[PDB]
């Protein structure tokens, strides 16, 4: 078998690819999704993941510094964009620009991942800092342990707006995009793919995730290929 730990933003794409791979191979693929931080820390503590896909460079570097992945056993696989979302039925259009006053446009709570550890939240904090909004945004935050928990709080109306990836907004019929963060407000959203356990079955799945067949799945869900 092969165990794959993947950032929560990858849930749908990796579930689709698991099913494809299981149809094409006599191999069982086990999946675990959570925030990239949680998953990396679990691997560090001994969890038997064969493959790790992070939603940022930092949590793969965290493992590399601990000798848990080699520099030549990781590759930058996918990109994404950062977006503002609203619940369906409370649509907004907000310009993610220094000129905008967050106290005027954000009149309730703002849901996103924990800004110190979860990739989506870290990207969000970079953008708020770049925009000059941080000290006005922070008091409004509800912080979650992965991007899909935040997506669901917005879907359920618990938060007026949320910050998720473009791919998350596309997967949920219950939220709409209110704005797209310009790329120059944050570090590029990059998903590194890492081979943690080197065996025949894990190396084959790692190559499969780079394959022409997988590119089609990731593009369907709105990721960019790097």
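Numbering follows the first chain given and starts at 1.
A.B. asks: Tell me which stretch, 30 to 38 or 197 to 205, has the higher mean Cα B-factor listed in the entry.
C.D. replies: Result: 197 to 205.
A.B. asks: Give the stretch, out of 213 to 221 and 20 to 28, with the larger mean C-alpha temperature factor in the deposited entry.
C.D. replies: On average, C-alpha B-factors are higher across 20 to 28.
A.B. asks: Just the C-alpha B-factor column, please: which of 90, 144, 115, 80 has the biggest number?
C.D. replies: Each of 90, 144, 115, 80 was compared by C-alpha B-factor; the highest is 90.
A.B. asks: Determine which member of 190, 70, 60, 166 has the highest CA B-factor, using the values in the deposited entry.
C.D. replies: 70 has the highest C-alpha B-factor of those listed.
A.B. asks: Using the temperature factors of the C-alpha atoms in this entry, rank residue 175 within its chain: lowest, middle or highest third.
C.D. replies: Its C-alpha B-factor, which the entry lists for residue 175, ranks in the highest third among residues of this chain.
A.B. asks: How does the C-alpha B factor of residue 84 compare with the rest of the chain: lowest, middle or highest third?
C.D. replies: According to the entry, residue 84 has a C-alpha B-factor in the chain's lowest third.
A.B. asks: Using only modelled residues of the chain, where does the Cα B factor of residue 98 rank: lowest third, middle third or highest third?
C.D. replies: It falls in the middle third of the chain.
A.B. asks: Taking the entry's C-alpha B-factors for this chain, is residue 104 in the lowest, middle or highest third?
C.D. replies: Highest third of the chain for residue 104's C-alpha B-factor.
A.B. asks: Taking the values exactly as deposited, rank residue 156 by C-alpha B-factor within its chain and report the matching third: lowest, middle or highest.
C.D. replies: It falls in the top third of the chain.
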